[PDB]
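Peer 1: pasting the first bit of my complex, frame unchanged:
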Amino acid sequence: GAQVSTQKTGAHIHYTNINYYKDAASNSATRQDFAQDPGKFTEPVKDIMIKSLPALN
Amino acid sequence: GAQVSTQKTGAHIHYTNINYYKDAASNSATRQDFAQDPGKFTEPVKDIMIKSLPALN
Amino acid sequence: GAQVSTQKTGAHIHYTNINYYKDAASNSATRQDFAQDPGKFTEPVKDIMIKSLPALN
Amino acid sequence: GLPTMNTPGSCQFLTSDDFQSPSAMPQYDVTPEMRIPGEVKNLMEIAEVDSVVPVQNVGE
């Protein structure tokens, strides 16, 4: 029951991971999580402000 | 997810490689790369010079 | 990419071998080679000498 | 037993390695996660947010 994922390589490869301990708190660090959403902190305004349009009409 | 490649043997065999670390900068040395092109340094002239034909006509 | 071969057992079983190093000069000793041909040293005469027939006619 | 040889670098400690390690307390039922407003997944999202710049950092 081996999980195969791509290795972090340069720009312009696979590695095999098998979970030995059944606790699941012993799993290796989940580094490969490149997900972001700046809307929560940047641009938190209730009404959308198109950058091209004037801000305060 | 094991990669199987031929071993370096004599002239006139397989080995199994599994990438453990996910970083991909920890991979073993890529020795088996026998590719060459002498044109860049040897014979760098813009116009082809056929060896059999006279060089400076 | 594992190679499975019979183990040396008595008369009257399998073992698994995987080549780790890619050099191919690091492979375990090839002991299981039971091939022989005494003709090169024993019986090296150019013309066949049938044992039952007289040697020097 | 499986015949192995320990490569150089074994039995060492590295501050920047991700590996597995047996849990001291097995089968701990972690407290289920909830929704907290403003989860951060990348440091650069925080960098994008505005920050006042002390341009007049003169003297006192």
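Peer 2: It's in. Numbers count the residues shown, from 1 in each chain, chains lettered A, B, ... in the order given.
Peer 1: Roughly how far does residue D:20 sit from chain C?
Peer 2: 22 Å (CB to the nearest CB, to the nearest Å). Placement of C-beta: from N, CA and C, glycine included.
Peer 1: Next, residue A:14: phi, psi?
Peer 2: For residue A:14, the backbone dihedrals are phi -130, psi 150 (criterion: degrees, to the nearest 10).
Peer 1: what's the distance between it and chain D?
Peer 2: Taking CB to the nearest CB, one finds residue A:14 at 17 Å from chain D.
Peer 1: wait, that residue sits on residue B:1?
Peer 2: Yes. Using CB atoms under 8 Å, residue A:14 makes contact with residue B:1 at a distance of 5.2 Å.
Peer 1: Show me where chain A has its helices.
Peer 2: Assigned by DSSP state H, chain A shows no helices.
Peer 1: Would you mind naming what in it lies close to chain B?
Peer 2: A:2, A:4-5, A:7-9, A:13-17, A:31-32 (CB under 8 Å from any CB of the partner chain).
Peer 1: If we use 10 Å, what do you get?
Peer 2: With the criterion set to CB under 10 Å from any CB of the partner chain, chain A comes near chain B through A:2-10, A:13-17, A:28-29, A:31-32.
Peer 1: returning to that earlier point: mutual contacts of residue A:14 and residue B:1, please.
Peer 2: Counting by CB atoms under 10 Å, 6 or more residues apart in numbering or on different chains, the residues touching both residue A:14 and residue B:1 are A:4, A:5, B:18, B:19.
Peer 1: and of these, the nearest to chain D?
Peer 2: residue A:5 (12.7 Å; CB to the nearest CB).
Peer 1: beta partners for the closest one?
Peer 2: residue A:15 (DSSP bridges).
Peer 1: gap between it and residue A:35?
Peer 2: 16 Å (CB to CB, to the nearest Å).
Peer 1: Report the buried members of the shared contacts of residue A:14 and residue B:1.
Peer 2: residue B:19 (16 or more other CB atoms under 10 Å in any protein chain shown).
Peer 1: how about the shared contacts of residue A:14 and residue B:1, which pair is most distant?
Peer 2: Within these, two members stand farthest from each other by CB to CB: A:5 and B:18, at 12.8 Å.
Peer 1: Tell me the buried residues within the residues of chain A next to chain B.
Peer 2: Applying a neighbour-count criterion of 16+ other CB under 10 Å, the buried members of the residues of chain A next to chain B are A:7, A:15.
Peer 1: and chain E, same structure:
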Amino acid sequence: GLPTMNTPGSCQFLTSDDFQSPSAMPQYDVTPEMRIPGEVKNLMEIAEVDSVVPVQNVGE
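Peer 2: Putting chain E onto the chains we already have gives this:
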């Protein structure tokens, strides 16, 4: 890491074991073999060949 225990007999040297060991010089292009008359693959082939027997091994 994979949890292993070292069985007795580990970290020892045996004069009669066949195993693998990293090559000191990688990717050495060995000199290609040729045909040499009289390859021997088994010691018993040599035993089959005739050999004079010093039956009169008496004194001097």
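Peer 1: next one: stretch D:46-53 to chain centre, how far?
Peer 2: In terms of CA atoms, centre = their mean, to the nearest Å, the centre of stretch D:46-53 is set 23 Å apart from its chain centre.
Peer 1: Look at that stretch and report the distance between its end residues.
Peer 2: 15 Å (CA to CA, to the nearest Å).
Peer 1: do it and chain A meet?
Peer 2: Yes. Stretch D:46-53 reaches chain A (CB under 10 Å from any CB) through D:46, D:47, D:48, D:49, D:50.
Peer 1: Now intersect those residues with the strands, please.
Peer 2: Nothing among these maps onto strands, per DSSP state E.
Peer 1: which of those residues lies closest to chain B?
Peer 2: residue D:47 (24.2 Å).
Peer 1: thought the closest one was touching residue A:38?
Peer 2: Yes. Between residue D:47 and residue A:38 a contact is recorded at 9.4 Å, counting by CB atoms under 10 Å.
Peer 1: ok, residue D:10 - contacts?
Peer 2: Going by CB under 10 Å, 6+ apart, residue D:10 touches residue E:1.
Peer 1: Please, which helix or strand holds residue D:16?
Peer 2: Under DSSP states H and E, no helix or strand contains residue D:16.
Peer 1: What is the neighbour count of it?
Peer 2: Close neighbours of residue D:16, defined as other CB atoms under 10 Å in any protein chain shown, add up to 5.
Peer 1: from chain A, which residue is nearest to chain E?
Peer 2: Closest contact between chain A and chain E, by CB to the nearest CB, is at residue A:20 (6.1 Å).
Peer 1: and the gap between that residue and residue B:21?
Peer 2: Separation of residue A:20 from residue B:21 (CB to CB): 16 Å.
Peer 1: quick one on the thing from earlier: looking at residue D:47 and residue A:38, which has the bigger crowd around it?
Peer 2: A direct count of neighbours by other CB under 10 Å for residue D:47 and residue A:38 places residue A:38 higher, at 16 against 10.
Peer 1: Name all residues that make contact with the more buried one.
Peer 2: Residue A:38 makes contact with A:44, D:40, D:42, D:44, D:45, D:46, D:47, D:48, D:49, according to CB under 10 Å, 6+ apart.
Peer 1: Leaving aside the residues adjacent along the chain, what's closest to the last one?
Peer 2: Looking back up the chat, that one is residue D:49. Nearest non-adjacent residue to residue D:49, counting by CB to CB, 6 or more residues apart in numbering or on different chains: residue A:41, 4.8 Å away.
Peer 1: one more, chain F:
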Amino acid sequence: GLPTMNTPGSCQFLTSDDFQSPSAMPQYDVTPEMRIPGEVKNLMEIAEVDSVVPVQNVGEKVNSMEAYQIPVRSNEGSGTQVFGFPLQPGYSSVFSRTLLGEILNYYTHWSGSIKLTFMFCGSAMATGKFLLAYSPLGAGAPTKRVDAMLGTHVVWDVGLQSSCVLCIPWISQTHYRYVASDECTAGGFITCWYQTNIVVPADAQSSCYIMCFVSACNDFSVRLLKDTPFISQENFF
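Peer 2: Placing chain F onto the earlier chains gives this:
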């Protein structure tokens, strides 16, 4: 746990092993590669490129540009030897600091042909004929043009084309010769003679010079990497 026994050779350090090792800094975004003119993938491509050979390495001349020039002149005679050196691209001083020879000093076993390219840098009116000749190992170095005439030779003639190449063949009992000196694998002797005389018209120089280049043919191979004996060090810089 999986029961294992550690074979001999464990927990050791080898300078020539390829294996895996955890990265100190994980998930480092390397700087993307670009196109740089002239990528090299094999050392032998560099060996194939021409390199001037200091044939006149005599005395103090190794401390001047006179080391490369080989002197020729119009002398009242014929068969006079122009130069001569052993075929030891690794050990011979003539070849040692050339690009082919210095890269070879980083290895132990060599095999293949050599393209000795001789460029006549004399006047435009000078006409000289030369017997470039390579003698195979076995006998003493040729002392006269007639002795060298027998072995492999090219009668180079000077015209509109200047340079002529003497492609030294790979004659040897062993598939590979030692880069260092050895009686068993003596490479051979390479020499040049005057087929005729370098005749020149009046008001023109009679003392021309010849430059020699070295290169490896497309059948050149090296093996057994070793550290070079030319570099040296006392303490860290």
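Peer 1: and the neighbour count of residue D:16, now that chain F is in?
Peer 2: Residue D:16 sits with 11 neighbouring residues when counted by other CB under 10 Å.
Peer 1: again with residue D:59
Peer 2: Quick note: residue D:59 (other CB under 10 Å) scores 4 neighbours.
Peer 1: distance of it from chain C?
Peer 2: Between residue D:59 and chain C the computed distance is 66 Å (CB to the nearest CB).
Peer 1: Could you do residue A:55 as well?
Peer 2: Applying CB to the nearest CB to residue A:55 and chain C gives a distance of 62 Å.
Peer 1: Enumerate every residue touching the nearest residue to that residue once chain neighbours are set aside.
Peer 2: The shortest distance from residue A:55 to any non-neighbouring residue, by CB to CB, 6+ apart, is to residue A:49 (5.7 Å). Going by CB under 10 Å, 6+ apart, residue A:49 touches A:43, A:55, A:56.
Peer 1: Strands of chain A, start to end?
Peer 2: Using DSSP E, the strands assigned to chain A run over residues A:3-6, A:14-17.
Peer 1: out of the ones you listed, which comes closest to chain F?
Peer 2: Among the strands of chain A, if distance is taken as CB to the nearest CB, the winner is strand A:14-17, at 9.8 Å.
Peer 1: elements contacting that closest one?
Peer 2: For strand A:14-17, the elements it packs on are strand A:3-6, judged by 3 or more CB pairs under 10 Å, 6 or more residues apart in numbering or on different chains; DSSP states H and E.
Peer 1: what does the strand it packs on rub up against?
Peer 2: Applying CB under 10 Å, 6+ apart, the external contacts of strand A:3-6 come out as A:13-19, A:32, B:1-2, B:18-19, B:22, B:24.
Peer 1: between these, which is closest to residue D:29?
Peer 2: Among these, residue A:19 lies closest to residue D:29 (CB to CB), at 18.8 Å.
Peer 1: can you count the residues close to the residue nearest to that closest one when sequence neighbours are not counted?
Peer 2: Spatially, and ignoring its direct neighbours in sequence, residue A:19 is nearest to residue A:27 (5.8 Å; CB to CB, 6+ apart). By the criterion of other CB under 10 Å, residue A:27 has 15 neighbours.
Peer 1: picking up where we left off before, dump the strands of chain A into a markdown table; add distance to residue D:29 as well.
Peer 2: Listed next are the strands of chain A as a markdown table, based on distance: least, CB to CB, whole Å:
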| stretch | distance to residue D:29 |
| --- | --- |
| strand A:3-6 | 24 |
| strand A:14-17 | 25 |
